[PDB]
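Here the structure comes first, spelled out in structure tokens, and everything after it is commentary.
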């Protein structure tokens, strides 16, 4: 059950004003959804804001550039939701005290 993706696809539907139904977990941001890097910046900011995590989008690009990881691992919605879910479990250890809303 891609419940993290339920949350993320709601966020994209708020940002781009595209219905959540057009956003499937298999969708590649810079292909299927036609989301630019400049558009995905604000989506990534709204995810960062929502879950109380940080998406290191800059370093994720560097992962692809150095061959540490694939571009699809950060720009496909099932795999991005997985990365977010990893960072939610991670931040549970060392999150700074911001009133969760």
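In the entry's author numbering, the protein residues as written are 1 to 101. Beta carbons: idealized from backbone N, C-alpha and C, even for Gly.
Those residues which DSSP pairs with residue i across a bridge
| i | result |
| --- | --- |
| residue 76 | 28 |
Residue i versus residue j - alpha carbon distance
| i | j | result |
| --- | --- | --- |
| residue 6 | residue 52 | 17 Å |
| residue 32 | residue 91 | 30 Å |
| residue 87 | residue 46 | 15 Å |
| residue 65 | residue 96 | 30 Å |
| residue 38 | residue 30 | 11 Å |
Residue i (DSSP reduced to helix, strand or coil)
| i | result |
| --- | --- |
| residue 95 | coil |
| residue 36 | coil |
| residue 49 | helix |
| residue 69 | coil |
| residue 85 | helix |
Margin query: Three Cβ pairs or more, each shorter than 8 Å: is that satisfied between the region 17-32 and the region 53-67?
Written below: no
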